[PDB]
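Same chain, two forms, each on its own as C-alpha cells: structure 1, then structure 2.
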Structure 1
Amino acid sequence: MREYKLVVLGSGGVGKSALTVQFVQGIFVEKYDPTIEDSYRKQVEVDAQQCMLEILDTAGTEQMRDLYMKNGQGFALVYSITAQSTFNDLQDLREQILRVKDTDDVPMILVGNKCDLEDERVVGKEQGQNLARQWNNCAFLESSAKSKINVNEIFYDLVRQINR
C-alpha cells in the first residue's frame, strides 16, 4: 500500500480541522479549538487502489511551516467564503510552497469552505475559480464540513495529482 503525505493549510478558522475530521472520522467538529498540530491516518480507495493517507492538520496563525511543505506531497489550501482575509492570505502560501519545492508542479487544490453559509458569503465563487486559473489552472472546489459537500473529493483529487 502506497502512503501519501497530505497537508491542509490555511489561515485560522477556515475549517481545516472540521474538513479533516469529517473526512477521516465522519464527525462535524463544532467547538472552535485552535489547532497546534494534528496528524491523521486513513485508508481509502482511489482509482481501484488502496492508499494510506497521512493528513497533517496545521495551525493557521504561526509558522515549522517550511518542514510541512518540504515533506508534504499534496496541499489543500483552504479559505472561508465568509472571511475575505483568509482568501487574501492563500496567495503567500501558494508561493511559499512553490519556493520550497523549487517547482510549480506541486499537487495542490484550492478549497472554499463553509459553502453552507451562503447568506454569509463574502468571497464569490467566480473569484475562487479566477484565482485557481491564475494558479496555472490549479484544482478548485467549494466545500462544507457540515453538509458533507466535496469533502472526500479534496483528498481524492490530491492523491490523483500525486499519482500523475
Structure 2
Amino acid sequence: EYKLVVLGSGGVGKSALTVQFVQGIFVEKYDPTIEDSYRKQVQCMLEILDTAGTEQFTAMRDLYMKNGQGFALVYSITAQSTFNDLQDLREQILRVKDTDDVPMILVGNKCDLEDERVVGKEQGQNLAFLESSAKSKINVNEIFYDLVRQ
C-alpha cells in the first residue's frame, strides 16, 4: 500500500497524468467514481491522490498531504506563473504531517509543445527533475516510479 499525491496549479496537467498512469486516456473509458479509480499495481499497490478539480478547497490538499507519502510538483513549461506557484506547496507539505523530510519530484509537464514554451529546462533544473508530457506519454510512469524509490 502506497499513497502518492499530485500537486500544482490548475491547467498544469495533473488529472491527465493521473489518468494516463492509472489506466490510459481513450483506450478505456475512465470512471472516477469506483473503489479502484486511482489504484494501480506496479510489486506495489499505489493510490494516486490528485488535487485536480479541488484546488480552491485548501482543506482537500491538506487532507491529502496528511495521507501522502510521495509528492509530485507539476508545472507547465508553457507557463511562468505555474512555475512560480511551486515554492509554497513544498512548504505546506512540511507543516501538515509535522516532519523534516518527504520524498518528492519536480515535473515540467507539457514538454512536447515547444513553440509555446516560456520556461526552460535550466530554470526547472536550477529549481528529482523530469520534463514530461501526459498526452505524448513521455515520462508518465517514471514520475511515479521515482517516488516509490524515494
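Residue numbering: sequential along structure 1, first residue numbered 1. Between two forms, the rigid core is defined as the largest C-alpha subset superposing within 1.5 Å.
A movement of the C-alpha atom of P34 reaching 2 angstroms or beyond is seen between the two structures when the two forms are aligned on their rigid core.
Fitting the two forms on the rigid core leaves the C-alpha of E120 displaced by under 2 angstroms between the two structures.
Relative to the superposed core, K101 moves its CA by 3.8 Å between the two structures. Aligning the rigid core leaves the CA of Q91 displaced by 0.6 Å between the two structures.
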